[PDB]
Amino acid sequence: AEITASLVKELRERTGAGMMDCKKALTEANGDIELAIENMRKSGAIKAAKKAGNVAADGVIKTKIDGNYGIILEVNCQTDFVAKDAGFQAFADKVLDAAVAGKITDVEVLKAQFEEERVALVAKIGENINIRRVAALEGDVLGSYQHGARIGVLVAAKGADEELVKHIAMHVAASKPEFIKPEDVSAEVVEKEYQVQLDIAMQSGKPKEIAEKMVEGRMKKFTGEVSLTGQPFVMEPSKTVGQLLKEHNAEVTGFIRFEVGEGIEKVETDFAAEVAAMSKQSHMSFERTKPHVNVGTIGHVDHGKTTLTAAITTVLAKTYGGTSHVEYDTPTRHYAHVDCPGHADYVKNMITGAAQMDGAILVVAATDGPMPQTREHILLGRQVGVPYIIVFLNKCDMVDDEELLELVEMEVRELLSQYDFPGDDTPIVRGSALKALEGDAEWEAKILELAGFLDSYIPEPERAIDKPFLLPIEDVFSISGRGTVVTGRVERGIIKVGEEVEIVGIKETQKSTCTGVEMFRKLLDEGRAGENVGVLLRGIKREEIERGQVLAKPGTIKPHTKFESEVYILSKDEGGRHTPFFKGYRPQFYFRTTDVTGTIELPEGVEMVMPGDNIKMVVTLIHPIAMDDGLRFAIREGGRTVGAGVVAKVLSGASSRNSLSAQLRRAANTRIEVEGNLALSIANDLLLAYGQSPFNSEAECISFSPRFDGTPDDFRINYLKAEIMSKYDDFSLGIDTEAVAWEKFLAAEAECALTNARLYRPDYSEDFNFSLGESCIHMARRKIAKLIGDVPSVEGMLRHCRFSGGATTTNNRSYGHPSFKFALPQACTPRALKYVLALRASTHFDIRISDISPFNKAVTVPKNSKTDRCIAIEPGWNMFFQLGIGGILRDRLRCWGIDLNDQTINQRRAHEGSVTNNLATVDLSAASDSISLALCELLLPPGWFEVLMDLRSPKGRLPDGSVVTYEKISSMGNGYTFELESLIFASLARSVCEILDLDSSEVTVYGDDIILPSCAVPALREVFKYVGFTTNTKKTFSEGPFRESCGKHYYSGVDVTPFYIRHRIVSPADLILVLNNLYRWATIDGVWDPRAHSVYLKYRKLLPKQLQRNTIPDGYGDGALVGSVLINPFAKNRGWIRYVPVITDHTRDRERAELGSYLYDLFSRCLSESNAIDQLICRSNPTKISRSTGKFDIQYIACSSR
Ligand SMILES: [Ca+2]
């Protein structure tokens, strides 16, 4: 058009307003400069008001103090990037200064004292930026802390110095206290939050004063914790601020803490769908070797990198074939695309690996041009090291002058070059995104053009197998007559047999040479990236290697101890630290395969790091590790991940006690001693503390049935009373034995006999008779068949067959580990021999079968006070295969909504059923011992039933020297018995459902633990009785207030699961267990029911003094009393991580079978092969044997206050 382009820039560069907002507002001033600028000025406020319908949840916080008068305001923008922009900073910095000098408490005074200049930005920037709440504080000495820009505190204290307020301001910034001291609590807010939590308690049935006292305790904590006084000082968590302050001469007159965006909602954003649903208007209108290049769009909020990411996808759809990331294809390569709406939030994903980048695409609108905050974009690109940036000029159809385009280009090509990107040489396409949606080929080509650059400018990423060999070492074995071998997964490159390789990492790098390469299955001549292999070496002993070093092509990789990195430490929500750390953080760093411990130094100016924020730190390790920049690592804390990070630049590199661990060790190994039955004594004092008659004799401990009425509280104790001593293996009182166990075993056998006979002969001589049982196995059979298959797939038999666990026909519990199963020859049954031959034909390693008998060992395990438990130890090659079908049955039962790895969903339905009364829970007595053969073949495909006959142990060898041939099909201890009873039970139960018009979906099962709708129970009972099973009338509940399933026991919805004292208590470990189980059964969140607390306290006095006070949080084990760890005198807080000591079972090392452990290692690589976001950088660890002595040890472990 008429208006010249050369002079709209002179106005553009004196305003900052858009390009078309200049070109058009200049045709109105007839082409007069100061005219058009004054036109825009007032024609501006409308823009602003046009903005304030956008949610502005970002922005910065500022703080200034004068002698002892301070103030704090937060001014909001809507983007992370603006918050740190040249201009925006200068604004909030003036609206802060001006607010100091002229003290301004009222927020409107200044909001309007600036409102004119506030538009002098919204116009330039184009984001809703509104100066939000301000307030101020003054006292005798008042200090301020500034956590970057996202959180500021103002602290005033009449009685302290500088260092102190700093610190207490630091604590306030990282603890969010609502009140300055516990008493400040709104007398009303608390008179009702207590008169409301006094119901929570009282409806559960608890007596008045117990609910009162409990609620009060809960209330004292509830308050104390949210009040500065009752908050553990964050730089000395072993003492509260209450005390920190009073021990210091001081007291705080008050505090103020603002965090950016508090209270504001900001409805979540989702890039994936948002584009897919924006092009939903325009949608209505062998080559796997292709590299995966990911890119990211970065630009102004409404310059429409949103609308562009659409066009790209649709246009590349009409022209070609196929963590919130949209993807699209080019004839040559496949692209992943992500939005970059937030500096910090990107830096986080690029570190956490949840999204890296090969090239960015900078999206600006030619309508406006580079926004002032565009340099922050480019700068984000610079900092993250994004190799290439392509620029898409958007909305060009709205610029009738072509010299204005070449002007914008100029502007952006220069910014690009202030930040070291190739400005003169960087590709820039001019095209509209919206028109390319409207099927307008003229502007459609401009999109294909852009992807045309993604194709040629963003370079193809080096394929993993083209980089120099490297295999992270997971384990070393010394193989007799073959030499040393390391196992790992080859991270990159290739290692051909005969090549020379270095082992560099934790010691003086050593060199060696590849003598071979093998997987469990075949043996190979080369190791190819991505493969889980074993690499054979020569002339290197097996103690000259450690898990943690790499094997690599010589000179490829070097050992380093010092490096400056960028890390993101996890937030609380993501399961990380819930507490900040400081100058001397001393965690462990996980490098592909091992923790190596190290010290960090913060950068220039930071002094605190909070769960959730980013950080550049220089880590310096204790001993070296093979690395170069780009290498990811986890930050670890006693096995828990609390951070992640990457190496940025490799630098040239340069507590506990004696008579404390020993003092506790001595106590641990003491023997707590008392008169009589300590367990029984405790139980009786617990009954007494709850107004219940104690046990008269040991005889009654186990002969006491509960009442299923009374309130939930009157029942919880009644139930505990009936269970707590019921499994105690140490009552003398009784002609009771394990002979009782066998009599049961012989009885199940005899019964299986009957049903094997019954189940083969139903021809009622007439046609009349039709029976429920008959009809159910007929239906069950058909459903199983459809679920299971004609026969077990080999594809499934292969990924589920394995060694694992306990004793076998040939290994005693002590040689239980899988390594001693590949080590020693396992037995095997005639029918089963073909399976192991089939296995032997598939591996080069030698599969050895020891004796070849049809026998298993029927043995005996303690279980009750009144009975033992019969079990079966299998030929260990049988087991290997019984765990195979057992594993496929496990996958298949998932289609019936049965998930056998999760007894959680069975506990909840027990809980539901006790309020709802619609689900019943049924328990079966002998179960694993009652599945007869007859029942098995009637129900199973013949193909299945055979491979079940093969893998089963048909005969049994008793301890009595004698023999049995099994009438049942299998016993607990058989690798598939659990799933086969699960499936047998589910199908039966489901068929009864169908027979009754109920949902098969309502039957859910875990072993012999059945939940189904309560109306199906009396039919189930009759069906079970038919197929053999004997139903426990005493333990199936289809009607009362009570249910039980998988260890959780419920009454009307309240958890009433008891605890058990199973063993005579003789050691401090033993006592602590009981005391802890009492703790858990009686605490409602760290708060004691006072009826038990008395008994706890009494018996706690029985332990060695130091041990009464050595406490751990919950979920950390039973090697210490569960309680407060900030109270724990022994807890040594090392390098900002708190270590507490616990009783360990003392164990001696043993020699592992190098071969069998190495097979086990490789057989596992094989298995995994046929199967936050930081678990991808951890492994599964080496084989170490040990035998536990009866002595105890003390181990220090990492803790956190919750
Ligand atoms: Ca049960």
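If you go along the chain as it appears here, the first residue is 1 and each next one adds 1.
Structure method, as recorded: X-ray crystallography, 2.8 Å.
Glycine is no exception: its Cβ is also placed from the backbone N, Cα and C atoms.
Per Swiss-Prot, these features apply:
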- 908-1040: domain 'RdRp catalytic' (DOMAIN)
- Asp923, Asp1008, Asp1009: Mg(2+) 2 binding site (BINDING)
- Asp923, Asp1008, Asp1009: Mg(2+) 1 binding site (BINDING)
Lowest local Cβ density among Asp923, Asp1008, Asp1009, which the record lists as binding-site residues, within 10 Å: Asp923
Shell of the Mg(2+) 1 site beyond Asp923, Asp1008, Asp1009, same chain only (C-beta within 8 angstroms of their C-beta centre): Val922, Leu924, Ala927, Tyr1006, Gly1007, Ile1010, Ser1045
Deposited-model gap closure distance - 22 residues unmodelled, Cα of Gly322 to Cα of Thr323, Å: 20
Modelling gap (17 residues), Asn1171/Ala1172 Cα distance, angstrom: 21
Interval bridged by 3 absent residues [Cα of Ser285 to Cα of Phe286, Å]: 31
Helix-strand-coil residue split for the domain 'RdRp catalytic' (908-1040), DSSP-based: 63 helix, 26 strand, 44 coil
Unmodelled stretch of 19 residues - C-alpha distance in Å from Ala654 to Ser655: 24
